[PDB]
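Note that each Cβ is placed from the backbone with ideal geometry, even for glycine, and that neighbours are counted across all protein chains shown. Read the figures in this text as sums done on the coordinates, not as results from a lab.
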Amino acid sequence: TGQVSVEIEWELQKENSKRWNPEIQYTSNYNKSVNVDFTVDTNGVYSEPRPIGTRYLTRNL
Amino acid sequence: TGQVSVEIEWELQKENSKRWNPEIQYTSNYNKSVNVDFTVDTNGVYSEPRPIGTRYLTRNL
Amino acid sequence: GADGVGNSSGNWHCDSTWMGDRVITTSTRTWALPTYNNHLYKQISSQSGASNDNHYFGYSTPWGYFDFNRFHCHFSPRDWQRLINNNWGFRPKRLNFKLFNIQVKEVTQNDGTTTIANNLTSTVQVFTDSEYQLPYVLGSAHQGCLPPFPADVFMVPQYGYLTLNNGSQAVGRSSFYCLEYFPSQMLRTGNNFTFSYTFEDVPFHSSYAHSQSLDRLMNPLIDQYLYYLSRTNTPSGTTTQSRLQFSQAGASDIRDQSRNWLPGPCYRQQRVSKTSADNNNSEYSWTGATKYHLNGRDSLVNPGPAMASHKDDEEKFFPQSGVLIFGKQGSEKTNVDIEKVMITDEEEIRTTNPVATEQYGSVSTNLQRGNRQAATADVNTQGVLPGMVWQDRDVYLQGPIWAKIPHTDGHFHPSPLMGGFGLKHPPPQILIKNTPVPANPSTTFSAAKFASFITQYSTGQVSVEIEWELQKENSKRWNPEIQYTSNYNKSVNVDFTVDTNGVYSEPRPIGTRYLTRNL
Amino acid sequence: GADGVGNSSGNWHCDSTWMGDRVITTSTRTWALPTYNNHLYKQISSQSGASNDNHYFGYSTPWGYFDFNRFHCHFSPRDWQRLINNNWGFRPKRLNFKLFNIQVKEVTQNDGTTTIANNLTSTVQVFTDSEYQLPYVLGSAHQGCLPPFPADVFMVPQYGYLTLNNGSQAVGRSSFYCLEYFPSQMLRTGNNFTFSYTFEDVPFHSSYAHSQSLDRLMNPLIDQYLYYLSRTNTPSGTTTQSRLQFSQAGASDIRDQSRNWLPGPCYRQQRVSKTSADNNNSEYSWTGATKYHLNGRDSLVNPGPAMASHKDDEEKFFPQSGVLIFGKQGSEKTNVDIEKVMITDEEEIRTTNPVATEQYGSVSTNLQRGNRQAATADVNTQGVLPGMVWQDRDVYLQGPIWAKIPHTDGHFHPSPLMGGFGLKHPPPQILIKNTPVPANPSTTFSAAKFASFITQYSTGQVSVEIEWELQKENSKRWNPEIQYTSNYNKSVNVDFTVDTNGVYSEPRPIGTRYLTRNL
């Protein structure tokens, strides 16, 4: 047994958009709940509630 | 009559947060509707649907 | 800009110069710009009950825009002939744009008379996006071009766009663009505007036609060394039995020879005739159309993929939507007879692209055996396969020069389907508007949007200059070519000329493909 | 770290040196770190039905942490006396931290015996956040300090935190921190860890007591030149009439004199007595408490604002929560008699801060007239007003040295309410954990979380060194001061010493305020 490590460098592309109104963003729901999303439960098992894609910000075709 | 112009320079403070799970973000609703928020209507009067505050990202006390 | 009210801000330049290898064109027109929508934005959408195909949602703006995208703006009928007769291809390189001699007029409609007078201190503001941040309208072949004939005057068309909808209702992702939110340049009398632009590298357009059909590439004198399966059975006694024979393909076998290539792809069309007697009696227009289906609605493919219009010795037939169609002088918008329209012909591409009204070929449907008999079926739609060559659609004289390639993760052979040059960074949209001048506010303060403005419009001259690159021809063809000629017989009116009432007209479509090349 | 298994990674340093102006202390302790929660995170919350005040939501982690925040860690009872007797104030400056001599043990519990043996290749990993990114637990006066007596050994306390809740349920804004998600430093036998830290500038703590009460600032010999309203009416004939007389205030009038200052603010407390006979018979504990109300739940103010405990010649009474309370040796957690607790005394602040069990003063409730008579009422709560001076609460011998000021848009007089030094960037939390060592996986592959680990724990020595800055005294007081003295009579046990069974104990709380200053 032992420990392993990984480090990746990523390149990003920023956005210049003249869209006047607001975008759609990925949000967590603010209502109360028994368990927080993407968190351990009372027994200590980490879980992921839903799939999350990368497509939110909008571009013109 | 004429035209007036204003230009302000702002200073920003970025965030380093070790919070594991996602934040709450300001989102526009993606359901269909007659009018888009923050946009002219069919008669050309611009309107603002709701007040929007600045407090979303979270910090520890 | 520069100088005064009395000084002129620019000279009239309309000319063409031919340098050999590259070549340069220039033109100047006169325009008039109204105020649109009473200085305000409006959302527009489809009207009440409509077909699910016809729904749309979008916005219209006070701003106008300039469109030079058609060839006939740049080239005169004669200048078009040192090009198409003398050359194997051409492409754009760089262009210039200029506005000048701007003057703004205000109008007073009181009673039954309308007085018009200069407003010397009013402005007109112009910008070019050039970062491609706006919806790109040009390339959809709308009206509002610079006129083909240099002495005509034209309005500037109004600008607007469309966005994602559900029915007649907007979706959360739908976008709204305020053109006031860009830096622009405010111009008065005695101020001018310029910018210059450089085309990205693009292939020459092919103005040649082929002298060889793809089905005949080879020497008739010499036989191949390959064998094909020729006879499947032989008579034995009274009745045949199964015996396989093979053969080498000669000049009598030309049908059967091996080849290294295949014809281009097809997406098939319905065929109609110019003679009214051959066509069926019913309404098949929308029902018999070829279509594509995107997000639950259906759209006609009007140009469609590039395919020959007709075969040999049928000139009477053309694809239903498969061709471009131009109107004659003064033709109306709707329900107009065939004698009024001008139908283009795509033929010279017979040698590679298949005919649009017929199947690509035939393919085997089943496995034979002793008691089963071979079966085939027609393939009416073929995608691209390795070893497949084709040609693109011709630009003609009047039609799209370029289009903007959509910004996407993938695309194939971007040359656009109407014709011309696909560009990732095309010439940027030029946008222009009259600055609002309010009229006589009330004495006490009120916070409200002004409904009352001075009524005014502007006019001036615009200029465009493009540099073109040419490709000359070395041909060892012994005999003469086919050239574009005007008929020498006498006639009442000369082609491409004013009539007795002074309306310039264009008799026929003129394509670029005359000179011949070997395949 | 450095070198080998056989080489030692550090020497034992526990000492104190006194340089005059700036003074230095050092200590070293021995610790043992268990594995907590079986190497995994768990959310915790309030249990089923509970008072709306008692709900909470949060997480507990496998990680431990070091707490030196109490004074008695750093100062010995005698070293505490070249400080409080000889000086008018002190503050911290900079500190060091070190870990060394780390060794990890694995245990085998089979049958009725438990064998323990070295695991030489196992690791222990440590980090210090120092960017203040984690919830900051220290400063809440929990258990788990370095022992006061250098020969004792202690466990490291477990780390955890709390977050916004609604009842026992979480809210969308609630945050979850994984400590694995920070860079740390993995240490084996023969590796050591260090860092150093510098306190931000902070005012000296005041170890003086005042020799003048705020109500007497002035010369008894000389009268003022100001007038106060003295008599409101005078006898005329048989009965009085309204006549206003004025007077200058002398030594007989000292009650009535003008002053430039006012006493500090109060938030009032309930009073109880150490003699059990004076106290009412009922349960007033929670009902008679002073509280604050935040988001629909109620919390006791345990220290509350700094106020004197009792007036002159009543030693029997103290505020209900208003004082700190320490337990004697071996006292239990719940429902323990007064003889077991040690109650601190706040008195020397009588001269400025008002007594906690009484009102701030009296204020006029109404406007008088001929037929109305003047009315007043007690003010039991007073906020800060211009011209108001006070003192802070004393640190004593054992108690909070510092606290972290919350990060907020505003705060007033940040000195913390238990005592000590408010810091915006306090000494960072040190966190430590045992690295999990898996045990004997199955032969075939399975994707599941390991429930099975080697059972092991670690131990070593830790060291802390702080530099302190001192403020000496120039006093022209002729007569002697009050000093902290041990009683010289014979006794069974010496104070601050082991007993016959070897348990070190602290007899009484010792504050820092002895030497006297003029107000």
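Restricted to the range A:27-39, and to residues there that are surrounded by 13 or more Cβ atoms within 10 Å (Cβ to Cβ) and under 17 Å from the mean Cα position of the chain (by Cα), the residue that is farthest from B:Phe38 (Cα to Cα) is A:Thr39. Among the conditions (1) away from chain A (no Cβ under 14 Å); (2) in contact with a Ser or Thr (Cβ under 9 Å, 6 or more places away or on another chain); (3) aromatic (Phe, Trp, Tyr), D:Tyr225 misses just one, which is (2).
Among the numbered conditions (1) surrounded by fewer than 18 Cβ atoms within 10 Å (Cβ to Cβ); (2) touching a residue at least 12 places away in the same chain (Cβ under 8 Å), the only one that C:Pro426 does not meet is (1). Residues that are of a type in the set (A, V, I, L, M) and either within 14 Å of chain A (Cβ to nearest Cβ) or part of a loop (DSSP other than H, G, I, E, B) (or both) within the range D:114-133 comprise D:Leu120, D:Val124, listed in sequence order. For C:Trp31, indicate whether it is out of contact with any strand residue (DSSP E or B) (no Cβ under 9 Å at 6 or more places or on another chain), surrounded by 17 or more Cβ atoms within 10 Å (Cβ to Cβ) and touching a residue at least 40 places away in the same chain (Cβ under 8 Å). Spelling it out, it is not the case that C:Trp31 is out of contact with any strand residue (DSSP E or B) (no Cβ under 9 Å at 6 or more places or on another chain), surrounded by 17 or more Cβ atoms within 10 Å (Cβ to Cβ) and touching a residue at least 40 places away in the same chain (Cβ under 8 Å).
When we screen A:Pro22, A:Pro51 for residues that are free of Cβ contacts under 8 Å to residues at least 40 places away in the same chain, surrounded by 11 or more Cβ atoms within 10 Å (Cβ to Cβ) and more than 7 Å from chain D (Cβ to nearest Cβ), the only hit is A:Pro22. So which of D:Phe100, D:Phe149, D:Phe154 ends up being more than 30 Å from D:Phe57 (Cα to Cα), surrounded by fewer than 18 Cβ atoms within 10 Å (Cβ to Cβ) and aromatic (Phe, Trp, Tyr)? The match here is D:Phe149. Checking each residue in the range D:205-215 for being buried (at least 18 other Cβ atoms within 10 Å of the Cβ) and not polar (S, T, N, Q) picks out D:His205, D:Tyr208, D:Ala209, D:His210, D:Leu214.
Within the range D:31-71, being more than 20 Å from D:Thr163 (Cβ to Cβ) and out of contact with any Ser or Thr (no Cβ under 7 Å at 6 or more places or on another chain) holds for D:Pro34, D:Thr35, D:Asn38, D:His39, D:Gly49, D:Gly64, D:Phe66, D:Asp67, D:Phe68, D:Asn69, D:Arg70, D:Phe71. Looking for something among the aliphatic types (A, V, I, L, M) and exposed (fewer than 14 other Cβ atoms within 10 Å of the Cβ) - is there at least one such residue anywhere in the range C:188-204? Looking through the range C:188-204, none of the residues is among the aliphatic types (A, V, I, L, M) and exposed (fewer than 14 other Cβ atoms within 10 Å of the Cβ).
Inspect the range D:68-82 for any residue being acidic (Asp, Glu) and either under 18 Å from D:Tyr504 (Cβ atoms) or surrounded by 20 or more Cβ atoms within 10 Å (Cβ to Cβ) (or both) and give the result as yes or no. The answer is yes, given that some residue of the range D:68-82 is acidic (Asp, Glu) and either under 18 Å from D:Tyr504 (Cβ atoms) or surrounded by 20 or more Cβ atoms within 10 Å (Cβ to Cβ) (or both).
The number of residues in the range C:12-57 that are in a loop (DSSP other than H, G, I, E, B), within 30 Å of C:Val437 (Cβ to Cβ) and away from chain B (no Cβ under 14 Å) comes to 2.
The set of residues in the range D:119-150 being more than 30 Å from B:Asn16 (Cβ to Cβ) and touching a residue at least 40 places away in the same chain (Cβ under 8 Å) consists of D:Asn119, D:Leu120, D:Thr121, D:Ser122, D:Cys145, D:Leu146, D:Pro147, D:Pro148, D:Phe149, D:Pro150. Tell me, yes or no, whether the range C:474-493 has at least one residue that is of a type in the set (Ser, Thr, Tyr), in contact (Cβ under 8 Å) with a residue 12 or more places away in the chain, part of a loop (DSSP other than H, G, I, E, B) and touching a strand residue (DSSP E or B) at 6+ places or on another chain (Cβ under 9 Å). Taking every residue of the range C:474-493 in turn, at least one turns out to be of a type in the set (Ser, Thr, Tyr), in contact (Cβ under 8 Å) with a residue 12 or more places away in the chain, part of a loop (DSSP other than H, G, I, E, B) and touching a strand residue (DSSP E or B) at 6+ places or on another chain (Cβ under 9 Å). Of all residues in the range B:25-36, those that are assigned to a loop (DSSP other than H, G, I, E, B) and either closer than 15 Å to C:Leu164 by Cβ or more than 7 Å from every other protein chain (Cβ to nearest Cβ) (or both) total 8.
Scanning the range B:37-47 for residues that are part of a strand (DSSP E or B) and more than 7 Å from every other protein chain (Cβ to nearest Cβ) yields a total of 1.
Take the residues in the range D:109-129 that are closer than 19 Å to D:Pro428 by Cβ and among the hydrophobic types (A, V, I, L, M, F, W, C), then tell me which one is surrounded by the most Cβ atoms within 10 Å (Cβ to Cβ). If we take residues in the range D:109-129 being closer than 19 Å to D:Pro428 by Cβ and among the hydrophobic types (A, V, I, L, M, F, W, C), then D:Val124 is surrounded by the most Cβ atoms within 10 Å (Cβ to Cβ).
Condition check: of a type in the set (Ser, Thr, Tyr), free of Cβ contacts under 8 Å to residues at least 40 places away in the same chain and farther than 21 Å from D:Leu417 by Cα. Does D:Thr240 satisfy that? Considered against the rule, which asks whether it is of a type in the set (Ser, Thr, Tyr), free of Cβ contacts under 8 Å to residues at least 40 places away in the same chain and farther than 21 Å from D:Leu417 by Cα, D:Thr240 comes out as yes.
Selection over the range D:412-453 of residues that are within 11 Å of another protein chain (Cβ to nearest Cβ) and more than 40 Å from the chain's Cα centre (by Cα) gives a count of 8. Inclusion of B:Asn16 among residues that are of a type in the set (S, T, N, Q), within 7 Å of another protein chain (Cβ to nearest Cβ) and more than 20 Å from C:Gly172 (Cβ to Cβ) is warranted.
Considering each residue of the range C:402-411 in turn, at least one proves to be touching a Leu at 6+ places or on another chain (Cβ under 7 Å), under 24 Å from C:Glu348 (Cβ atoms) and away from every other protein chain (no Cβ under 14 Å). Across the range D:159-199, what is the total count of residues that are touching a strand residue (DSSP E or B) at 6+ places or on another chain (Cβ under 6 Å) and closer than 30 Å to D:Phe421 by Cβ? So the count comes out to 18. The residues in the range D:7-28 that are more than 25 Å from the chain's Cα centre (by Cα) and free of Cβ contacts under 8 Å to residues at least 40 places away in the same chain can be counted, and the count is 3. Mind listing whichever residues of the range D:105-157 are of a type in the set (S, T, N, Q), closer than 19 Å to D:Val462 by Cβ and within 20 Å of the chain's Cα centre (by Cα)? Across the range D:105-157, the qualifying residue is only D:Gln143. With a requirement of 1 or more residues that are within 14 Å of chain A (Cβ to nearest Cβ) and within 28 Å of D:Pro416 (Cβ to Cβ), the strands (runs of 3 or more DSSP E) lying completely within the range D:134-215 that satisfy it span D:158-163. Summed over the range D:434-464, residues that are out of contact with any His (no Cβ under 7 Å at 6 or more places or on another chain) and assigned to a loop (DSSP other than H, G, I, E, B) total 18. When C:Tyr132, C:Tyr159 are screened for being buried (at least 19 other Cβ atoms within 10 Å of the Cβ) and aromatic (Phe, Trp, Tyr), only C:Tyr159 passes. In the range D:58-67, which residue that is within 14 Å of another protein chain (Cβ to nearest Cβ) and not hydroxyl-bearing (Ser, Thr, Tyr) is surrounded by the fewest Cβ atoms within 10 Å (Cβ to Cβ)? Within the range D:58-67, the match that is surrounded by the fewest Cβ atoms within 10 Å (Cβ to Cβ) is D:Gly58.
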